[PDB]
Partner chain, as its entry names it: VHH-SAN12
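Only one chain is shown below, in structure tokens, and it's the form solved without the partner chain.
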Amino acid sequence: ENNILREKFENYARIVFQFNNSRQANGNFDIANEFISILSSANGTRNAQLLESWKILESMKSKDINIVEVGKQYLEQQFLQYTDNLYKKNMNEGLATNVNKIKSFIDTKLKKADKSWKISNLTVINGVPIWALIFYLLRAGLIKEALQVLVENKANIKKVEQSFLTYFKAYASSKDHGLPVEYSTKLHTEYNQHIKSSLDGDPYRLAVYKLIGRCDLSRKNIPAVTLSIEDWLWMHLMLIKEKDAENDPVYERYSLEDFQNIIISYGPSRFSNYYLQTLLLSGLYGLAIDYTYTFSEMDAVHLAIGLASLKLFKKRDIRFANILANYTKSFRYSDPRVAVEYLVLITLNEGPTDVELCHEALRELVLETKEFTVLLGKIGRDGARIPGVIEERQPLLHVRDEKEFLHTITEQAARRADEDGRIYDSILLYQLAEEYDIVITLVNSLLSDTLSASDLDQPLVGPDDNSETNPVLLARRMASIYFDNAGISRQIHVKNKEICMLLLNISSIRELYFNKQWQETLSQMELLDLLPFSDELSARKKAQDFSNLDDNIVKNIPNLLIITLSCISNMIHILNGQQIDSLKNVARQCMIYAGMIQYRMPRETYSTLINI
């Protein structure tokens, strides 16, 4: 049955809900730390890949984001860290400078296996492969100190390559896209002629030349010193020239676009366990979420949330609104509240279109899940609404509609209720719409029908059909919470309140018709001022008065007659000062009345069968 997801569904929903809290409370909640947090706990390839991808996202937090430069930095920081952690594991004599940490990685980590180098050709001075040292310093972001190391080993370097030293300083002193309008041409010929085609050349020397010079953009690999997938990626990022590339009319330009295309030509299988990261680092955000769909929709959705919260976005539909709405399909009916929490991240992408898309998604959620009381509120006892979940998320809707929206969706729901004949829904909806007169007029209909019929029913005190799920109990609710409230009550027509009280009265008479108490029902029927209890002049005045009667009551008279003749018969059960003469006169005038109205009345002067 998988509690395993549902648990996972709920943990992720929790994090989003706290995100929405902070957005609303103007806090600093960090979504990426929160996934990093959960994911670090979990095991497996995908999880420990999801985890690294969230670390990628979170180190772009508040960088200005130039894709090439932040991918480079993450790769560089990653390696430095790895380097510090090796050193921060015992051994060393000297001071803990960056250089010495790298000298340690070179010497101690795997350039050796028992004092002999596991990469051939290295030029070594005083126990140090100085080109490898320059390479790895560069690899960790430490360009100035890489430059220091080349400068310091001047007298030891040569085949007159005191020249590269010049170009390196310059590449370091600019914005690392070291473009002298001059030399770069000169360093390219020296590479082609003395460096490129060696056999006994230090492979790290070639690497350093290549990268610093952007030297030979075919042959995009470094023969013996790309040791890892992130090494591979870093190198590629070093070789791109973004700024002022379309300037200088030479096709030694190599773009992010080119790079992105190479990755695609290889596919996931060539990046096993590193593909998501590769997509994220190369700026293929779309393809990155696309790829993460192939193993979990939940993960794709949330990574997309991460990307969206980083102002990016500018199983195959990859727009933010649709990623969220689609996710929601899996649980809107079971968890409408959670659906709201997701639909409200649409506004992460600030700006119209998106805002409207959010509004349309909510609107669509409400219609069709029909979860009105969760989504749109409830009740009264005055105290306006008790807000629904949408209302609680008001500020995240970027609406500042005077709650126009929310009242406009309620009118829409309500009129759909009217076409489906989902009365109850309509009454609920017009309560929220504050259409008090419409509410009462709908309540009168529903109560009217259902008072006119045939008996056995109603429940009074005990269980079975409770409040605002059955017509009388609901009519009692409305009268109580509206009629005594001046401000609400003035908004409802006197006529409409009169009909309401009439129908409620008839219900009181039903409660205490059977339940014994035949005397008490006659009294109340009489008070209704509807049936003749006096003389024959009143039975025909109840006819003049009968065709002026509102359509709601003109339909209830049937059973009013016949509850009257019934008490009037259970009571005058010819007994064992006994005025039976009235209680009998009453039946008379009632039968004269039911004689003159009858073709205006269903199909039953079977008042005769209880008359005699």
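Whichever C-alpha set is largest while still superposing within 1.5 Å between the two forms counts as the rigid core. Positions refer to the first chain, counted from 1.
Same protein, other form: the form solved in complex with the partner chain, not shown, and the subject of what follows.
Using a 4.5 angstroms threshold between heavy atoms, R490 counts as touching the partner chain in the bound PDB entry. The partner chain in the bound PDB entry is approached by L442, whose closest heavy atom lies within 4.5 angstroms of it. At a distance threshold of 4.5 angstroms between non-hydrogen atoms, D550 is in contact with the partner chain in the bound PDB entry. The shortest heavy atom separation between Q77 and the partner chain in the bound PDB entry exceeds 4.5 Å. For the residues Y171, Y430, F164, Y285, the 4.5 Å heavy atom test against the partner chain in the bound PDB entry is passed only by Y430. Note on contacts: among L397, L142, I499, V149, the single residue with a heavy atom within 4.5 Å of the partner chain in the bound PDB entry is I499. No residue of the trio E368, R385 and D425 has any heavy atom within 4.5 Å of the partner chain in the bound PDB entry. This chain is displayed without the partner chain, yet in the bound PDB entry the stretch 432 to 440 from 133 to 141, 432 to 440, 150 to 158, 199 to 207 comes within 4.5 Å of it by heavy atoms.
Among the candidates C567, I31, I56, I67, the CA atom that moves 2 angstroms or more between this form and the one not shown after core superposition belongs to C567 alone. With the core held fixed, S41 shows a CA shift below 2 Å between this form and the one not shown. With the core held fixed, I263 shows a CA shift below 2 Å between this form and the one not shown.
The Cα shift for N444 between this form and the one not shown, taken after rigid core superposition, is 2 angstroms or larger.
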